[PDB]
Every structure is written in structure tokens, then in C-alpha cells.
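Shown below, as C-alpha cells, is a lone chain in the form deposited without its partner chain; questions about how it binds or moves come after it.
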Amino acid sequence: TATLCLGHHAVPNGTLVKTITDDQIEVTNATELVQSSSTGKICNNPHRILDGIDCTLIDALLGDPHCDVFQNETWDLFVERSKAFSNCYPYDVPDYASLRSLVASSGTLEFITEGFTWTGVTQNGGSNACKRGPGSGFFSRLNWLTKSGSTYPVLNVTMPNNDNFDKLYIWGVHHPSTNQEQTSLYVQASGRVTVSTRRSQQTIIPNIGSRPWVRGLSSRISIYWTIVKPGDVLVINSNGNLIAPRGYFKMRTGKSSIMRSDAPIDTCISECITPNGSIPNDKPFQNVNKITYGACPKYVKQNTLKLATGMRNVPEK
């Protein structure tokens, strides 16, 4: 006679996995399905990464003197840093978060200057709170209009959209610290700014008073925006406190976004970006972050998941 024995391989040291019927079963091999680490750096390929160094996207949009390098810049991902700071005339943006989202998803700061004509007013006013070069200045994409001589007319300007794309207009309203400023700056006891299209309008009333001092100023500027579609018309009506647009930003649709991260950017390639740096995307899940951009693994709570890649390991003994 003869003996024919059937069997399978085993390994000296296997690994444990979980099944429906068993909490821990040893298997010959298992792989890891959760990516739990990053390189600590953001890769600059294949996506276009724009490091706002000390700028926020809104300061870059408005034209803060330290952000002059971002004029007409584009990105797939705009990266904000914790060290970013503003250094211009103090301002606020009602619904800041929406404007930040609109610009971030458009993906561009391409700006086209338009021939707005403002008559009977002094154009291009600035402040020592926004120095540009050795003297006073202002945001590069805004025009601070003030009285001319002894008057300030009601401004009524029309700017039609005869193009085949949407135009984004950024404008604002000045808020003087006192009654003695508003009548020396734009000779008006009660200003108003109205900006409208064929479908909607926004009217803003300025609010006089001292705020905490920021960069030497107790006054503020509020930022507002409007979108004009092809065939529509932009109309601006004001009797004081207008921080006029100088033109429009071209709007786009696409894959562009924004992230907050202090990670450095390097010469490597990775499709998945998290605020902790780029991660591999060769696993179905990750627990590095919830904030991701690009071709990323799904975020899960688990730090580890082991998937058997082989059979039960039963040692010889």
C-alpha cells in the first residue's frame, strides 16, 4: 500500500483578522485597508497647488498690498496658512464663508478692468492703514470714491453684460466712525448704496460709529458681491460711501477648491491631498482626515482594518 496526504501550507507567524463567525482568526497573510499616515507634505502634482503664503483667499481677491503676487492667479487647490494675516483698511464680509466658497470653486482671480465712469467724485482714495510702497494706498481691485470739491452727486452707472459668461463684481460700503467724517469725506448725512440687476437688488445703509481700533482705524468697510449673467445689466446707485468695483472677476466652473493647512509643498506626485499632507490612495479607507481633496480613500473612524489575503493559518505544532 501507500499513503497520499492532502493538505495546505502554513506559515511560522500569521496574522489575525475578524470574520462574521470569529472575532480573531489567524490567517497566512492579511493586508491593511486603512491609510493611517501622511508624508507631512503636500505634493505639487498632478493638481495645481497655490500656496497663499500670508494671504487668505479674500485678501487676494480684494487686493491687499501683500497679496499683489496673486493677481490673475489660478489654482486647483488654494492653500490657506495659519500665519496668514490682513494688513489693509479693516473690513468685514457679511456671509464671508459664501464668498470664500464662490471664489474657491471658480478657481481664478482673473480680473478685467471695466470703463466705469464716476463723475463729480474723487477717485482712488487710500489710507495709511493700507500702505502701498512708501505712501498710502488701498485694495487694488476697489475704488474708494469721495467728494469732489464741495459736492458728491448721486452716482448712477450702467454696465451691461454682452459677453458669454458670468461676471463677478466685488464692491463695498464704507462705515465712518463719526458724523464729522461722513460729511467731510462724502458730504452726506445719510448715505446709501444700491446695486442691482434685472433679477435682484441689494441696498446697504452705512452705520456710523466707533469700532475697536484696528491698524489705527476705528472705521470699517463691508464687502458685498453680485453676479451678472449674460444679457443682464449691472446698475450702481449711490449718494455716498461707495467702494466701487474697478471691473469684474471672470467666473468659471470646475474642480477647484480651498483647504487650510500648515503642511509644506514639495516636488512629488499624489492625487489625494489632506491638510496633514498628501496620502497614498491605494487603500479604500483612510483615517488621516475628514478634509480631503482629489482621488481620496473614504474617511473612517477605524485606525485599522485587516483583510485576509489567504487561508487560515494552522501551525504544525
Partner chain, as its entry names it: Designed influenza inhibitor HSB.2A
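Positions refer to the first chain, counted from 1.
Another form exists, deposited with its partner chain bound; not displayed. Remarks below refer to it.
Put simply, of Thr74, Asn161, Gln123, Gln188 only one has a heavy atom within 4.5 Å of its partner chain in the entry with it bound, and it is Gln123. The closest heavy atom approach of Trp144 to its partner chain in the entry with it bound falls within 4.5 Å. Although the partner is absent from this view, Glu110 stays clear of its partner chain in the entry with it bound, with no non-hydrogen atom inside 4.5 angstroms.
At a distance threshold of 4.5 angstroms between non-hydrogen atoms, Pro134 is in contact with its partner chain in the entry with it bound.
By the criterion of a heavy atom within 4.5 Å, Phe78 is excluded from the residues contacting its partner chain in the entry with it bound.
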